[PDB]
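Novice: Have a look at the structure that comes next, please.
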Ligand SMILES: [Zn+2]
Ligand SMILES: [Zn+2]
């Protein structure tokens, strides 16, 4: 046998047994009869589809929005580039004697610290930030925690 | 030849022999249901077959406008109206005998005078 | 509403507070299966209706062999008031009606 | 209307008149092999052999047609339920991603969306597919029994003339598909490359 | 030929709904052994059901086409011998007046 | 049927070897003794909500099984006449009550004649022999292989 089958329980109940099958058909002797026939006839005489609409405006005016037009697009849909541009900021060099102290506190919080997160937390240029980061920490590329900066064993083993 | 079907699962039965009574039994191959055969015939392969000579005869055959008419006498109701057609078997060995269908009694007779 | 399968651990006792067995109590109830025309079905299958009002009356001859249902005057004189119930199968066999409800999920 | 692709279904009567066993096998798209008709019927939800013949032959006394159907049921006897019939179809399918359990679902989808598409492609229409399949088998047996001549390919009633309308419709359908594909490719490029 | 014309095709669904309302039994409840005289109804090569009195259906269908309710291009064939009723609505069929 | 009967949705995989409701009770009784990154860009094809909802609900078809496993029926959804039916229930006063229909399910019996398995089914049809024996099922039944759930449950229950 198989241990697991993944059933889906539901509350069910038999609430009757069918005894007769019926086909309701309007009586041909009813005074209102032949109105259904007209309704049935109208079913085949109805065309839901609508014909294409042809523009009656001047061709030159219609094409004014096509091609190398002078109009500046006002659409904001899927403007990925615009969104990123607005959010921009840069700090200035935030001298050494303070940053070198801050990293160790950041390292103490967690022993494996990413580059992207570190730039987010420290807000430094990557250029200057690399100098201090390499002086204090090292990166293990070939290990399971690849591309992750970690404090050097000399300072971690304290 | 008549095909038989099982009662418990609707599967078709197959012949079997019972040496205890030397009889013919039709037994199902899945649910072990048996039933004595009413006839000893189990197979037939008619190399020359006449099945399909009048295939397609319906209650409203006379309503077909493409069928030809004839004035031959119906030897079951004595009527002159009828629609006739050739054999419906497409094997290129059948005779050109005509089959007549009466429009008053739905009786089918043939013009054959050799064997009938 | 996913749930365990064989449930050899007996988890249904607390997960659900209702019996999980099919209720074969109301099965002994005569039911007629009726196929309706498009015009009549379009107004009898609406869920914004069926307030328990009178939809008509079923008329059966004393000797049988002929049935007919007559609607009330609520149709607005737009459809026939008399219909013939054609029994496509006098003896209907092995057809049943079963419901479906959600189970209480706590305790 | 809807996809404009064409799928061909062939029901083939193997063996000659001098053979002791002539079976019928049908070719299904994306299956790579010819399957006996009985197995296909079971895959559609018709397990009983009697029900299988009922869809094929519409006459009880037409024993001659039933006799020719005897080998077909004999070949497809080792399969006697829907689940195993679907798995047999699935194993022959050329996907090789389905491992052992998606095979049943994969086979079910093929029989639903790619098998006889001109009837329907929505779930819950296995009965219609089976009845048409029996109709195809019934027609094949009728010709095989010298009761109906093979269909004439020169019959003008079975031919269609494609005018500028249908010809342009297919061209526009193909070109529009390319345009739609190009549009999305721009969206993917625009989203990933951070472009307006 | 001079009088030859080629159809443009129309929607077959209106014809299918008409057949259902006039006694075209759905194929889901078709038992061949309980009715070995029914006529198979085909619309654009699709078997949609069976119908017990093919004469009345054909007369009603022909009358509707002639007066104009059904598009004249729709082709209707009743094979009495084969017990089949075929209705064609697709485009590309060649027809001529008579 | 052997009461009680359960009608729920379950996956139709290895139904032949599935445990019978009575057996789980027997096994449950045994328990008492023991105690004491992505591509970041993908295309989704628009699909009508009705079909997707129908597909999700109908993934696991209805299965009706009795206590002893003597009856096992699997329901298949039907769409031809699902929404064109109306039910009239006869109350115990002579009157009739109308209830619209929702769906139609066709139930087919499962595991009544010791169905084989796919692995063995392919082997037999393959060129293992000229043709499968006419009474192969009878021969294998005596060997004991290829049993049924009802036969599977009775022996285990009797063994206790
Ligand atoms: Zn049997
Ligand atoms: Zn006569």
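Residue numbers (PDB author numbering), protein chains in the order written: chain S, 201 to 358; chain Z, 2 to 117; chain F, 38 to 144; chain X, 246 to 441; chain Y, 540 to 637; chain A, 133 to 168, 325 to 448.
For each residue, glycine too, the CB sits at the ideal point set by N, CA and C.
1. Identify whether residue 11/Z lies in helix, strand or coil by the three-state DSSP scheme.
2. Of the residues that make up the region 408-424 of chain A, which ones have a beta carbon closer than 9 Å to any beta carbon in chain Z?
3. Using a Cβ-Cβ distance cut-off of 8 Å, determine whether residue 440/X contacts chain S.
4. Residues of chain A with CB under 7 Å from residue 10/Z, in chain order?
5. Strictly under 8 Å for the Cβ-Cβ distance: is residue 368/X near chain Z by that measure?
6. I'd like to confirm the pairing. Which residues does DSSP put opposite residue 332/S in its beta bridges?
7. Flag this pair as yes or no: are the beta carbons of residue 406/X and residue 631/Y separated by less than 8 Å?
8. Taking only the alpha-carbon atoms, compute the straight-line gap between residue 324/S and residue 307/S and give it to the nearest angstrom.
9. Under the three-state reduction of DSSP, which class applies to residue 238/S: helix, strand or coil?
10. Is it buried or exposed for residue 310/X, if we count other Cβ within 10 angstroms and need 16 for buried?
11. Which stretch, first to last residue, makes up the beta strand (DSSP E) that contains residue 271/X?
12. Cβ of residue 561/Y within 8 Å of Cβ of residue 380/X?
13. Report the residue from 263/S, 289/S, 336/S whose alpha carbon sits nearest the alpha carbon of residue 299/S.
14. Quick one: using the 10 Å Cβ neighbour count with 16 as the cut-off for buried, is residue 329/X buried or exposed?
15. Taking 7 Å as the cut-off, is the CB of residue 9/Z close to at least one heavy atom of ligand 1?
16. Using a threshold of 7 Å, is the CB atom of residue 12/Z nearer than that to any non-hydrogen atom of ligand 1?
17. With 16 other CB atoms within 10 Å as the buried threshold, where does residue 78/Z fall?
18. I need the boundaries of the beta strand (DSSP E) containing residue 121/F, first residue and last residue.
19. The alpha helix (DSSP H) that contains residue 264/X, what's its start and end?
20. Scan the region 361-395 of chain X for residues whose Cβ lies nearer than 7 Å to a Cβ of chain Y and list them as they occur along the chain.
21. Once you ignore the five residues that flank residue 332/S on each side, which residues in its own chain have a CB closer than 8 Å to its CB?
22. In angstroms with no decimal places, state the Cα-to-Cα distance between residue 94/F and residue 75/F.
23. Measuring only from the beta carbon, is residue 80/Z closer than 7 Å to any heavy atom that is part of ligand 2?
24. Nearer than 7 Å: is that true of the beta carbon of residue 34/Z relative to any heavy atom of ligand 1?
25. Suppose the cutoff is 8 Å on Cβ atoms and the five residues either side in sequence are ignored; what does the same chain contact list for residue 388/X look like?
26. Per the DSSP calculation, residue 137/A is bridged to which residue(s)?
27. Taking C-beta to C-beta, are residue 399/A and residue 360/A nearer than 8 Å?
28. With residue 306/S as the anchor, note down where its alpha helix (DSSP H) starts and where it stops.
29. Would you say the beta carbon of residue 29/Z is closer than 7 Å to some non-hydrogen atom of ligand 1?
30. Could you check whether residue 350/X and residue 357/X sit closer than 8 Å to each other, using their CB atoms as the reference points?
31. With 16 other CB atoms within 10 Å as the buried threshold, where does residue 357/A fall?
32. Give me the Cβ distance between residue 374/A and residue 63/F, rounded to the nearest whole Å; I'm assuming they're in contact under 8 Å.
33. Does the distance between the C-beta of residue 71/Z and the nearest non-hydrogen atom of ligand 2 fall short of 7 Å?
34. Does the beta-carbon distance from residue 297/X to residue 334/X come in below 8 Å?
35. Would you kindly check if the distance between the Cβ of residue 637/Y and the Cβ of residue 615/Y is under 8 Å?
36. Of the residues 549/Y, 565/Y, 546/Y, which one's Cα is nearest the Cα of residue 370/A?
Specialist: This is what the structure gives:
1. coil
2. 422, 423, 424
3. yes
4. 400, 401
5. no
6. The partner list for residue 332/S (beta bridge, DSSP) is empty, contrary to what the question assumes.
7. yes
8. 16 Å
9. helix
10. buried
11. 269-272
12. no
13. 336/S
14. buried
15. yes
16. yes
17. exposed
18. 119-126
19. From DSSP, residue 264/X is part of no alpha helix (DSSP H); its letter is neither H nor E.
20. 363, 364, 372, 373, 376, 377, 380
21. 296, 299, 300, 303
22. 20 Å
23. yes
24. yes
25. 394, 395
26. 354/A
27. yes
28. 296-309
29. yes
30. no
31. buried
32. Not quite, the Cβ-Cβ distance comes to about 19 Å (not below 8 Å), so this is no contact.
33. no
34. no
35. no
36. 565/Y
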